[PDB]
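S.K.: Just one file: final-v5.csv, with CSV, C-alpha atoms.
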```csv
chain,number,residue,atom,x,y,z
A,1,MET,CA,9.1,-13.0,0.8
A,2,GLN,CA,10.8,-10.2,2.5
A,3,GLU,CA,10.0,-6.5,1.9
A,4,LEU,CA,12.7,-3.9,2.8
A,5,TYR,CA,11.3,-0.4,2.8
A,6,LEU,CA,11.3,3.3,3.8
A,7,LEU,CA,8.4,5.5,4.4
A,8,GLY,CA,7.8,9.3,4.1
A,9,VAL,CA,5.0,11.8,4.0
A,10,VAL,CA,4.5,14.5,1.4
A,11,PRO,CA,2.1,17.5,2.3
A,12,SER,CA,-0.5,18.2,-0.4
A,13,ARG,CA,0.9,21.6,-1.0
A,14,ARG,CA,4.3,20.1,-2.0
A,15,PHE,CA,2.8,17.4,-4.2
A,16,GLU,CA,3.5,19.1,-7.6
A,17,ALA,CA,7.1,20.0,-6.7
A,18,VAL,CA,7.9,16.5,-5.3
A,19,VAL,CA,6.4,14.7,-8.2
A,20,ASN,CA,8.4,16.8,-10.7
A,21,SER,CA,11.6,16.1,-8.6
A,22,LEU,CA,10.8,12.4,-8.7
A,23,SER,CA,10.3,12.6,-12.5
A,24,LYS,CA,13.6,14.5,-12.8
A,25,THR,CA,15.6,11.9,-10.8
A,26,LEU,CA,13.8,8.6,-11.3
A,27,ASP,CA,12.4,6.3,-14.0
A,28,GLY,CA,8.6,6.2,-14.5
A,29,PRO,CA,6.0,7.0,-13.4
A,30,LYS,CA,3.1,4.6,-14.0
A,31,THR,CA,-0.3,5.4,-12.5
A,32,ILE,CA,-1.6,3.3,-9.6
A,33,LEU,CA,-5.3,2.8,-8.9
A,34,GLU,CA,-6.0,-0.3,-6.8
A,35,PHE,CA,-9.1,-1.5,-4.9
A,36,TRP,CA,-8.2,-3.3,-1.6
A,37,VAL,CA,-10.5,-5.4,0.5
A,38,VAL,CA,-9.3,-6.9,3.7
A,39,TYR,CA,-10.6,-10.1,5.4
A,40,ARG,CA,-10.0,-11.3,8.9
A,41,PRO,CA,-10.4,-14.8,10.4
A,42,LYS,CA,-14.0,-15.5,11.4
A,49,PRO,CA,-6.2,-9.6,20.6
A,50,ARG,CA,-6.9,-9.7,16.9
A,51,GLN,CA,-3.8,-10.4,14.7
A,52,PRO,CA,-3.9,-8.4,11.4
A,53,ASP,CA,-0.8,-10.1,10.1
A,54,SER,CA,-3.0,-13.1,9.4
A,55,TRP,CA,-5.7,-11.1,7.6
A,56,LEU,CA,-6.1,-11.6,3.8
A,57,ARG,CA,-5.5,-8.4,1.8
A,58,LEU,CA,-7.0,-8.6,-1.7
A,59,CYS,CA,-5.8,-6.2,-4.3
A,60,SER,CA,-7.5,-5.6,-7.7
A,61,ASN,CA,-6.0,-3.3,-10.3
A,62,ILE,CA,-9.0,-1.1,-11.2
A,63,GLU,CA,-6.9,0.9,-13.6
A,64,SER,CA,-8.0,-1.8,-16.0
A,65,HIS,CA,-11.8,-1.7,-15.6
A,66,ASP,CA,-14.9,0.0,-16.9
A,67,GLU,CA,-16.3,2.1,-14.0
A,68,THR,CA,-19.6,1.3,-15.8
A,69,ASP,CA,-19.0,-2.5,-15.3
A,70,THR,CA,-21.8,-3.4,-12.8
A,71,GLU,CA,-19.8,-6.4,-11.5
A,72,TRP,CA,-16.1,-5.7,-12.0
A,73,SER,CA,-15.2,-7.7,-8.9
A,74,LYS,CA,-16.1,-11.0,-10.7
A,75,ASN,CA,-14.3,-10.0,-13.9
A,76,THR,CA,-11.0,-9.3,-12.2
A,77,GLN,CA,-7.8,-11.0,-11.1
A,78,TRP,CA,-7.0,-10.5,-7.4
A,79,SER,CA,-3.7,-10.5,-5.8
A,80,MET,CA,-3.9,-12.0,-2.3
A,81,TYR,CA,-1.5,-10.8,0.4
A,82,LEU,CA,-0.4,-11.7,3.9
A,83,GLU,CA,1.6,-8.9,5.4
A,84,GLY,CA,3.4,-9.5,8.7
A,85,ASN,CA,4.5,-7.0,11.3
A,86,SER,CA,7.8,-5.3,10.5
A,87,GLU,CA,10.9,-6.3,12.5
A,88,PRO,CA,11.7,-4.3,15.7
A,89,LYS,CA,15.1,-3.0,16.8
A,90,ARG,CA,15.8,-1.8,13.2
A,91,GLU,CA,15.3,1.9,14.0
A,92,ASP,CA,17.8,4.1,12.1
A,93,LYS,CA,17.9,1.3,9.5
A,94,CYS,CA,15.4,0.5,6.7
A,95,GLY,CA,12.3,-1.4,7.7
A,96,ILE,CA,11.8,-5.1,7.0
A,97,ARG,CA,8.5,-7.1,7.0
A,98,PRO,CA,7.3,-10.5,5.7
A,99,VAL,CA,5.1,-10.4,2.7
A,100,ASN,CA,3.5,-13.3,0.9
A,101,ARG,CA,1.6,-13.1,-2.3
A,102,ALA,CA,-0.6,-15.3,-4.5
A,103,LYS,CA,-2.7,-14.2,-7.5
A,104,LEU,CA,-6.2,-15.8,-7.7
A,105,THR,CA,-9.0,-15.9,-10.3
A,106,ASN,CA,-12.2,-17.8,-11.2
A,107,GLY,CA,-15.7,-16.5,-10.4
A,108,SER,CA,-15.7,-14.6,-7.2
A,109,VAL,CA,-12.6,-14.8,-5.0
A,110,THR,CA,-14.3,-12.8,-2.3
A,111,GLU,CA,-16.8,-15.6,-1.6
A,112,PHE,CA,-14.0,-18.3,-1.7
A,113,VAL,CA,-12.1,-16.6,1.1
A,114,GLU,CA,-15.3,-16.3,3.2
A,115,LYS,CA,-15.7,-20.1,2.7
A,116,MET,CA,-12.2,-20.5,4.1
A,117,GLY,CA,-13.5,-19.0,7.3
A,118,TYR,CA,-12.9,-15.3,6.8
A,119,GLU,CA,-15.1,-12.2,7.1
A,120,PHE,CA,-15.0,-8.8,5.6
A,121,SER,CA,-13.0,-6.2,7.7
A,122,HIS,CA,-12.5,-3.1,5.6
A,123,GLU,CA,-11.7,-1.8,2.2
A,124,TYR,CA,-10.1,1.2,0.5
A,125,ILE,CA,-8.7,2.6,-2.7
A,126,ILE,CA,-5.1,3.5,-3.5
A,127,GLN,CA,-4.4,6.4,-5.9
A,128,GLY,CA,-0.9,7.3,-6.8
A,129,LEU,CA,2.2,7.1,-9.0
A,130,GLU,CA,5.0,4.6,-9.1
A,131,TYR,CA,8.6,5.2,-10.1
A,132,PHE,CA,11.6,2.8,-10.3
A,133,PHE,CA,15.4,3.2,-9.7
A,134,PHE,CA,18.3,1.1,-8.3
A,135,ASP,CA,16.1,-1.9,-8.5
A,136,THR,CA,13.7,-0.4,-6.0
A,137,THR,CA,10.1,0.9,-6.3
A,138,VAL,CA,9.0,4.3,-5.0
A,139,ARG,CA,5.3,4.8,-4.8
A,140,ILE,CA,3.7,8.1,-3.8
A,141,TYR,CA,0.0,7.6,-3.0
A,142,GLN,CA,-3.2,8.6,-1.2
A,143,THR,CA,-5.6,6.2,0.4
A,144,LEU,CA,-9.2,6.8,-0.6
A,145,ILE,CA,-12.7,5.6,0.4
A,146,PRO,CA,-15.3,4.4,-2.1
A,147,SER,CA,-18.5,6.4,-2.3
A,148,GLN,CA,-20.3,3.1,-2.2
A,149,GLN,CA,-19.0,-0.2,-0.8
A,150,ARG,CA,-17.3,-2.3,-3.4
A,151,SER,CA,-17.9,0.4,-6.0
A,152,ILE,CA,-15.3,1.6,-8.5
A,153,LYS,CA,-17.5,4.4,-9.7
A,154,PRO,CA,-16.2,7.9,-8.8
A,155,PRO,CA,-16.0,9.8,-6.7
A,156,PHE,CA,-13.5,8.4,-4.2
A,157,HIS,CA,-13.1,10.4,-1.0
A,158,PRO,CA,-10.0,11.1,1.0
A,159,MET,CA,-10.2,10.1,4.7
A,160,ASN,CA,-9.4,13.7,5.5
A,161,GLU,CA,-9.4,17.0,3.5
A,162,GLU,CA,-5.8,17.8,4.5
A,163,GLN,CA,-4.5,14.4,3.7
A,164,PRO,CA,-0.8,14.1,2.9
A,165,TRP,CA,0.5,11.8,0.2
A,166,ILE,CA,2.4,8.8,1.4
A,167,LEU,CA,5.9,8.0,0.0
A,168,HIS,CA,6.7,4.3,0.2
A,169,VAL,CA,10.0,3.0,-1.1
A,170,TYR,CA,10.5,-0.7,-1.2
A,171,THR,CA,12.1,-3.8,-2.8
A,172,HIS,CA,11.4,-7.5,-2.4
A,173,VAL,CA,13.8,-10.3,-1.6
A,174,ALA,CA,12.5,-13.8,-2.3
A,175,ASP,CA,14.7,-15.7,0.2
A,176,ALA,CA,15.4,-14.1,3.6
A,177,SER,CA,18.3,-16.6,3.9
A,178,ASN,CA,20.2,-15.0,0.9
A,179,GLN,CA,22.5,-12.7,2.9
A,180,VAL,CA,23.9,-11.2,-0.3
A,181,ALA,CA,20.5,-10.4,-1.7
A,182,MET,CA,19.3,-8.8,1.5
A,183,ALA,CA,22.4,-6.7,1.7
A,184,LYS,CA,22.1,-5.6,-1.9
A,185,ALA,CA,18.5,-4.5,-1.2
A,186,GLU,CA,19.4,-2.4,1.8
A,187,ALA,CA,22.2,-0.9,-0.2
A,188,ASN,CA,19.8,0.0,-2.9
A,189,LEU,CA,17.3,1.6,-0.5
A,190,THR,CA,20.2,3.6,0.9
A,191,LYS,CA,21.0,4.9,-2.6
A,192,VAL,CA,17.4,5.9,-3.2
A,193,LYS,CA,17.1,7.5,0.2
A,194,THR,CA,20.0,10.0,-0.4
A,195,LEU,CA,18.7,10.5,-3.9
A,196,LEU,CA,15.4,11.7,-2.5
A,197,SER,CA,16.7,13.3,0.7
A,198,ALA,CA,16.7,16.8,-1.0
A,199,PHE,CA,12.9,16.8,-1.0
A,200,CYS,CA,11.6,14.1,1.4
A,201,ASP,CA,12.6,12.5,4.6
A,202,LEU,CA,12.5,8.7,4.4
A,203,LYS,CA,12.7,6.5,7.5
A,204,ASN,CA,11.7,3.1,9.0
A,205,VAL,CA,8.1,3.3,10.2
A,206,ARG,CA,6.4,0.4,11.9
A,207,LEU,CA,4.0,-1.6,9.7
B,183,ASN,CA,0.9,16.7,12.1
B,184,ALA,CA,1.4,15.1,8.7
B,185,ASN,CA,3.4,12.5,10.6
B,186,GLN,CA,0.3,11.8,12.8
B,187,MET,CA,-1.8,11.5,9.6
B,188,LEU,CA,0.7,8.9,8.4
B,189,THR,CA,0.3,6.8,11.5
B,190,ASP,CA,-3.5,7.0,11.5
B,191,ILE,CA,-3.7,6.2,7.8
B,192,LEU,CA,-1.3,3.3,8.1
B,193,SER,CA,-3.4,2.0,11.1
B,194,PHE,CA,-6.6,2.1,9.1
B,195,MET,CA,-5.1,0.2,6.2
B,196,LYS,CA,-3.7,-2.3,8.6
B,197,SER,CA,-6.6,-2.9,11.0
B,198,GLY,CA,-9.6,-0.9,9.7
B,199,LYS,CA,-9.4,1.3,12.8
B,200,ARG,CA,-10.5,4.8,11.9
B,201,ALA,CA,-8.9,7.4,14.1
B,202,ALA,CA,-11.0,10.5,15.1
B,203,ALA,CA,-8.8,12.6,12.9
B,204,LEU,CA,-9.8,10.5,9.9
B,205,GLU,CA,-13.5,11.4,10.6
```
Here is the file; what I need is its structure written in the form of structure tokens.
M.R.:
Amino acid sequence: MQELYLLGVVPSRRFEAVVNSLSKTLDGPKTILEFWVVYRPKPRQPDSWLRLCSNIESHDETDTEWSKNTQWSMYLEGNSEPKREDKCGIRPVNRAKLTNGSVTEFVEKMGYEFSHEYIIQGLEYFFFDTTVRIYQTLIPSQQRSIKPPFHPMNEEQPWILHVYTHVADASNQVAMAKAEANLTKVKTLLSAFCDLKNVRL
Amino acid sequence: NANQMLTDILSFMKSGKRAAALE
């Protein structure tokens, strides 16, 4: 799967105004609250690390063992393509959703070990067949815990603006072109309040 | 500076590397 995207940063002081602008020009938003745990094979190559995502927006913070009562999406994110400066970014992204018992332990059995984990807090909008997410990456107050509070990595942490769309087949030239065209439309639509550009991933 | 934060935050999510700026 191919992910075409644009990235931008929104200072904490402008958050309110940018969100209202996004609500005035786009469809949405829907809240985003995800728990991510990353596993690496047991120069390191992170594009081969397993990135597990659980939607904690649908959990009881009181649930002592939420990780076993959840569905995890498993991702493999490659490095974005180079020489695409001044153009939208592109990177390979593969996904598979897995359940049954404790996925965490299953991936360790496959030969992987825990690397790091974090929480994503934000809003998600939609327009021109693309998704625009504005979020902050947080740190659990206790490893593998969904019980607040969650701490920012820095007190003057900006919000990240990530605009993207997915194309199933990289070979489909028409689909790829329609996606870049859609990103371009969203870019100018948000250019009045946020600079979006290709950033390496 | 917010652009430096972006780079460090993106790096952390990607490789778990925590820059000094991200305490």
S.K.: Kindly give the distance, in Å, that separates atom CA of residue B:185 and atom CA of residue A:151, rounded to a single decimal.
M.R.: 29.6 Å
S.K.: Residues of chain B within 8 Å of chain A, using only C-alpha atoms, as a VMD selection string?
M.R.: chain B and resid 184 to 185 187 to 188 191 to 192 195 to 198 203 to 205
S.K.: For the atom pair atom CA of residue A:190 and atom CA of residue A:1, what is the interatomic distance in Å to one decimal place?
M.R.: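 One can read the atom CA of residue A:190 to atom CA of residue A:1 distance as 20.0 Å.
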S.K.: Would you pick out the contacts of stretch 97-100 of chain A at 9 Å or less, using all atoms listed in the file, so that residues sharing its chain but fewer than 5 positions from it are not included, and give the list as a list in words?
M.R.: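 Close residues of stretch 97-100 of chain A: residues 1, 2, 3, 4, 5, 80, 81, 82, 83, 84, 85, 86, 87, 172 and 207 of chain A.
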S.K.: Between A:18, A:109, A:128, A:103, which one has atoms that come closest to residue A:63, using all atoms listed in the file?
M.R.: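 Of A:18, A:109, A:128, A:103, the one nearest residue A:63 is A:128, counting all atoms listed in the file.
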S.K.: At what distance in Å, to one decimal, does atom CA of residue A:146 lie from atom CA of residue A:71?
M.R.: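 Computing the Euclidean distance for atom CA of residue A:71 and atom CA of residue A:146 yields 15.0 Å.
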S.K.: For residue A:60, find every residue with an atom within 9 Å (counting all atoms listed in the file), except residues of its own chain fewer than 5 positions away, and show them as JSON, numbers by chain.
M.R.: {"A": [33, 34, 35, 36, 37, 73, 76, 77, 78, 79]}
S.K.: Between A:96, A:15, A:155, A:68, which is the closest to residue A:183 once you count all atoms listed in the file?
M.R.: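 Checking each of A:96, A:15, A:155, A:68 against residue A:183, counting all atoms listed in the file, the winner is A:96.
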S.K.: I'd like to know which of A:32, A:56, A:113, A:152 is closest to residue A:69, using all atoms listed in the file.
M.R.: A:152
S.K.: Between A:169, A:145, A:16, A:182, which residue has the minimum interatomic distance to residue B:200, considering all atoms listed in the file?
M.R.: A:145
